[PDB]
Amino acid sequence: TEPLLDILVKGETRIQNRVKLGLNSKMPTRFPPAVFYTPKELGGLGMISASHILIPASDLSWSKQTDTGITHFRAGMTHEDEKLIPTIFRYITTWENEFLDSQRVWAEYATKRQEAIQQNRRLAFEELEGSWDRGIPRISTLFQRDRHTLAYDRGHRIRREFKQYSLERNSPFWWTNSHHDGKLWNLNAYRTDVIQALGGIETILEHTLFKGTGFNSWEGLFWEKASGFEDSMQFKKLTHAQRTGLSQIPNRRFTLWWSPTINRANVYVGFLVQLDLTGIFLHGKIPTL
Amino acid sequence: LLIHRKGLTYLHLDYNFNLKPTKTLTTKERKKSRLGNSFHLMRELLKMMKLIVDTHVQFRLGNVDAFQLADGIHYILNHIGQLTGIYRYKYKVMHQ
Amino acid sequence: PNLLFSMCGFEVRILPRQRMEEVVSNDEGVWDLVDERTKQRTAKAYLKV
Amino acid sequence: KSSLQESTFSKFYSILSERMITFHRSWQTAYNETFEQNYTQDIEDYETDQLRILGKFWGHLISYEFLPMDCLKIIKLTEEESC
Amino acid sequence: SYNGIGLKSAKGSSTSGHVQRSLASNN
Amino acid sequence: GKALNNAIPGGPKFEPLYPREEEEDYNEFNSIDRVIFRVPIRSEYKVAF
Amino acid sequence: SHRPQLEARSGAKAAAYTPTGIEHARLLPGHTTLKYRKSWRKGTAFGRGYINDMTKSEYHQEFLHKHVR
RNA sequence: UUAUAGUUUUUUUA
RNA sequence: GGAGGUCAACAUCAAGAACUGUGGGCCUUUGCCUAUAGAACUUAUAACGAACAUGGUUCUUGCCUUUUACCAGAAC
RNA sequence: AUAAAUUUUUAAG
Ligand SMILES: [Mg+2]
Ligand SMILES: [Mg+2]
């Protein structure tokens, strides 16, 4: 479907646009896709960007008739240096398959159940292992803990929907009970491919200050979490100004951890000011940094 | 004269026509001291003239050479997207 | 020739492979309906969103 | 090999092969070679899963003639030598 | 040879507008 | 080039100038059953004549 | 101290004033000169203007029967 | 907790 | 009297493919018809500039917290 | 047998 991919490209561009003007600029040169796509660990937002692709464009006129087939691509998003980025839909198995795999997997378990019965034995968990995540109910469930409780749940889907009516916030995954359904996708390989495909950890850090904290050793760094401090600042008595302005810190650690890109001297346009008594030049006013 | 006639003596125009406050500003003295999209636009404008005609000022002293003159004021007219920042006030000029 | 419908979010078309009359391997937007007994692909189903 | 990272067959790699062949034949030869590689030599290194990706995966070049069919014959059925 | 493939323009659709021949599908 | 919303390949691009082309009846005149593709009609035709 | 106005400022209070001399924008001369005129089917159980108003209207009740939904 | 902090809808996981 | 002026003032420069004066006939000054004289400058891939900017209103968009400031098309 | 390429910033609340 053209327009959906179209909406992807738009929307994602619009979000990066948000983070961008979150400081002040749209300039593409400041924001190489490392910035937005490095996993949180390295200090990036880690947003999973499936925009890019290349988007079949052909000659709409007839494509209101024939399905003329792809004659051209329109570059969905861009870069400055390109590389690429792996995009999700490559890491997600399509439905047809998984229903096929499901069908067979549960056939095998039909047999192995018949044996382990007839032999009056109890399961190998190996005989089951290769199939561990295969199957649409996802065999793991059979052996999840609480089963002889959850036998007495029924009709979970509908409830998982009419929650539409019964509560305020979104719950964007209704369509599954991860208890009944197993878990229908895993990713992490994504993280790996975005990490290296950016040019490897050794380049990615060339953007940061990581040669300014004097660590010669990288991987020994866990960061640290400021998340915990959340309860003990206060609970109520912040006036609204202190709730927001006391919410603008966890940005301003990030935009420091990539400083030397965000401030950089191939900037397209800006009027240079050295800071007051320092030796640093800033290109344009960027208030946070 | 315009400035000191608004009763701001704590803004300073240096000879390149930067505007800097020399006394960290009491807030009221900021409000009375915001200046105009004009007067800022025109500050910048003068800055450009003084910049070019500077480079000449040098050359006449004999300090550069007529080739580095030509390159210089070339470089100016191209990199005014740096050397001034007039594009803050009328942004239209970001066609040029 | 076609049959249409839509369910959940999907727009499904169904072509019986009979009346396709010109056949091809297609990318993964094609489910292939398989006769219960004989086991063939007798119709391609297409999706959209 | 990426196809074998992928935990199941996917139509993707089949249409990739095909639209690569029909661009030029040097790719055609390159394939039939690789079929030699994998089947003859390199089967020994694959677990009884990945055959689930392969067997179909050549199934789709061979049904539709991109292989072409008879290049199968190089494959043999013997208790003599078959893995 | 903008033939009717492509966009009216990339102003709102956020791409770069670039459209290239598709090597894949000819036959 | 502009006013018809084309781009000569080496050409300056401009704006639709008559933006909404999307209104259309479903109308048999120019349809496919009735039209024969022999020569493509590149743009530069449309800018030439 | 919010008071509903009861009044408007007489033009006169303005009228006595001396002028300004500021020149605004929209007053720059334009349009500078005028222009003048010269079998089975039986199985199932069943044997065989403009209303001036709003929230009772036909349209509006369609609309709100769509969107607020 | 710091180089602050009224409006800039204040606050959620894979 | 001639040559010039990085001198001034005052006229004129976008239209029936287009200017003006005059003689004669008709209507009743306009206006129509006929005759006659003179027409610098600027116009046909149309124009005073084989150059190239800015502003206002009005709609359509584009960024999208709001306004200046703006994105790119049109009409006036 | 292809030569098709969007952006980019300052002030005020
Ligand atoms: Mg206020
Ligand atoms: Mg307000």
# chains A, B, ... in the order shown; residues from 1 in each chain; ligands from 1
call {"tool": "residues_around", "arguments": {"residues": "region 29-46 of chain F", "least_positions_apart": "2", "cutoff": "10 Å", "atoms": "only C-alpha atoms (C1' of nucleotides)", "output": "list in words"}}
result
residues 62, 65 and 66 of chain A; 1, 2, 3 and 4 of chain E; 1, 4, 6, 7, 8, 9, 26, 27, 48 and 49 of chain F
call {"tool": "residues_near_ligand", "arguments": {"ligand": "ligand 1", "cutoff": "12 Å", "atoms": "only C-alpha atoms (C1' of nucleotides) and all ligand atoms", "output": "PDB file with N, CA and C atoms (P, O5', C5', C4', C3', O3' and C1' of nucleotides), in the first residue's frame"}}
result
ATOM      1  P     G H   6      10.031  29.884  35.692  1.00  0.00           P
ATOM      2  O5'   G H   6       8.480  29.529  35.649  1.00  0.00           O
ATOM      3  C5'   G H   6       7.487  30.564  35.527  1.00  0.00           C
ATOM      4  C4'   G H   6       6.580  30.277  34.355  1.00  0.00           C
ATOM      5  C3'   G H   6       5.567  31.368  34.022  1.00  0.00           C
ATOM      6  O3'   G H   6       5.440  31.490  32.610  1.00  0.00           O
ATOM      7  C1'   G H   6       4.432  29.349  34.487  1.00  0.00           C
ATOM      8  P     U H   7       4.847  32.830  31.966  1.00  0.00           P
ATOM      9  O5'   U H   7       4.450  32.379  30.489  1.00  0.00           O
ATOM     10  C5'   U H   7       3.322  31.518  30.262  1.00  0.00           C
ATOM     11  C4'   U H   7       3.793  30.138  29.870  1.00  0.00           C
ATOM     12  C3'   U H   7       2.771  29.283  29.129  1.00  0.00           C
ATOM     13  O3'   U H   7       3.406  28.574  28.077  1.00  0.00           O
ATOM     14  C1'   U H   7       3.509  28.145  31.067  1.00  0.00           C
ATOM     15  P     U H   8       2.532  27.977  26.890  1.00  0.00           P
ATOM     16  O5'   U H   8       3.506  26.897  26.239  1.00  0.00           O
ATOM     17  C5'   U H   8       3.117  25.514  26.140  1.00  0.00           C
ATOM     18  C4'   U H   8       4.228  24.622  26.637  1.00  0.00           C
ATOM     19  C3'   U H   8       4.503  24.692  28.136  1.00  0.00           C
ATOM     20  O3'   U H   8       3.776  23.679  28.822  1.00  0.00           O
ATOM     21  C1'   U H   8       6.482  25.189  26.951  1.00  0.00           C
TER      22        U H   8
ATOM     23  P     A J  12      13.527  36.763  24.161  1.00  0.00           P
ATOM     24  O5'   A J  12      11.961  37.022  24.060  1.00  0.00           O
ATOM     25  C5'   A J  12      11.425  38.321  24.247  1.00  0.00           C
ATOM     26  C4'   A J  12       9.931  38.328  24.073  1.00  0.00           C
ATOM     27  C3'   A J  12       9.159  37.347  24.939  1.00  0.00           C
ATOM     28  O3'   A J  12       8.959  37.817  26.259  1.00  0.00           O
ATOM     29  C1'   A J  12       8.388  37.204  22.719  1.00  0.00           C
ATOM     30  P     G J  13       9.048  36.804  27.498  1.00  0.00           P
ATOM     31  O5'   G J  13       7.636  36.063  27.495  1.00  0.00           O
ATOM     32  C5'   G J  13       6.547  36.571  28.250  1.00  0.00           C
ATOM     33  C4'   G J  13       5.253  35.898  27.871  1.00  0.00           C
ATOM     34  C3'   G J  13       5.051  34.491  28.427  1.00  0.00           C
ATOM     35  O3'   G J  13       4.515  34.486  29.741  1.00  0.00           O
ATOM     36  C1'   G J  13       4.679  34.454  26.109  1.00  0.00           C
TER      37        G J  13
END
call {"tool": "residues_around", "arguments": {"residues": "region 83-94 of chain B", "least_positions_apart": "4", "cutoff": "12 Å", "atoms": "only C-alpha atoms (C1' of nucleotides)", "output": "JSON, numbers by chain"}}
result
{"A": [268, 269, 270, 271, 272, 273, 283, 284, 285], "B": [16, 17, 18, 35, 36, 37, 38, 39, 40, 41, 42, 43, 44, 45, 46, 47, 48, 49, 50, 51, 52, 73, 75, 76, 77, 78, 79], "I": [53, 54, 68, 69, 70, 71], "J": [8, 9, 10, 11]}
call {"tool": "select_by_dssp", "arguments": {"residues": "chain F", "states": "alpha helix (DSSP H)", "output": "ChimeraX atom specification"}}
result
/F:43-48
call {"tool": "write_last_selection", "arguments": {"atoms": "N, CA, C and O atoms", "output": "compact mmCIF listing (two decimals), in the first residue's frame"}}
result
# COMPACT_ATOMS: atom_id res chain seq x y z
N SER F 43 7.68 13.05 -21.78
CA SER F 43 7.23 14.41 -21.53
C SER F 43 7.52 15.29 -22.72
O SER F 43 6.61 15.94 -23.28
N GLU F 44 8.78 15.34 -23.13
CA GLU F 44 9.26 16.38 -24.03
C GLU F 44 8.41 16.47 -25.26
O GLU F 44 8.39 17.50 -25.93
N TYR F 45 7.72 15.39 -25.61
CA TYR F 45 6.58 15.55 -26.48
C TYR F 45 5.64 16.59 -25.91
O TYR F 45 5.48 17.67 -26.48
N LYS F 46 5.10 16.32 -24.73
CA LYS F 46 4.12 17.20 -24.12
C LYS F 46 4.64 18.60 -23.90
O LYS F 46 3.85 19.50 -23.65
N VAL F 47 5.94 18.81 -23.90
CA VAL F 47 6.38 20.19 -23.86
C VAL F 47 6.69 20.71 -25.24
O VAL F 47 6.86 21.92 -25.43
N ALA F 48 6.79 19.83 -26.22
CA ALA F 48 7.14 20.24 -27.58
C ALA F 48 5.93 20.63 -28.41
O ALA F 48 6.00 21.57 -29.20
call {"tool": "atom_distance", "arguments": {"atom1": "CA of residue 24 (chain B)", "atom2": "CA of residue 81 (chain B)"}}
result
29.1 Å
call {"tool": "residues_around", "arguments": {"residues": "residue 159 (chain A)", "least_positions_apart": "4", "cutoff": "12 Å", "atoms": "only C-alpha atoms (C1' of nucleotides)", "output": "count of residues only"}}
result
12
call {"tool": "interface_residues", "arguments": {"of": "chain G", "to": "chain I", "cutoff": "9 Å", "atoms": "only C-alpha atoms (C1' of nucleotides)", "output": "PyMOL selection string"}}
result
chain G and resi 25-28+30-31
call {"tool": "write_last_selection", "arguments": {"atoms": "C-alpha atoms", "output": "PDB file, in the first residue's frame"}}
result
ATOM      1  CA  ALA G  25       1.635  49.341   6.539  1.00  0.00           C
ATOM      2  CA  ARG G  26      -1.699  48.777   4.909  1.00  0.00           C
ATOM      3  CA  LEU G  27      -1.987  52.449   4.004  1.00  0.00           C
ATOM      4  CA  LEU G  28       0.569  52.306   1.214  1.00  0.00           C
ATOM      5  CA  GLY G  30      -2.832  50.807  -3.822  1.00  0.00           C
ATOM      6  CA  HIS G  31      -5.719  50.430  -6.164  1.00  0.00           C
TER       7      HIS G  31
END
call {"tool": "residues_around", "arguments": {"residues": "region 10-13 of chain H", "least_positions_apart": "5", "cutoff": "9 Å", "atoms": "only C-alpha atoms (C1' of nucleotides)", "output": "list in words"}}
result
residues 240, 243, 244 and 247 of chain A
call {"tool": "atom_distance", "arguments": {"atom1": "CA of residue 8 (chain G)", "atom2": "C1' of residue 67 (chain I)"}}
result
27.3 Å
call {"tool": "atom_distance", "arguments": {"atom1": "CA of residue 287 (chain A)", "atom2": "CA of residue 23 (chain A)"}}
result
7.1 Å
call {"tool": "select_by_dssp", "arguments": {"residues": "chain C", "states": "strand (DSSP E or B)", "output": "ChimeraX atom specification"}}
result
/C:3-7,10-16,30-34,41-46
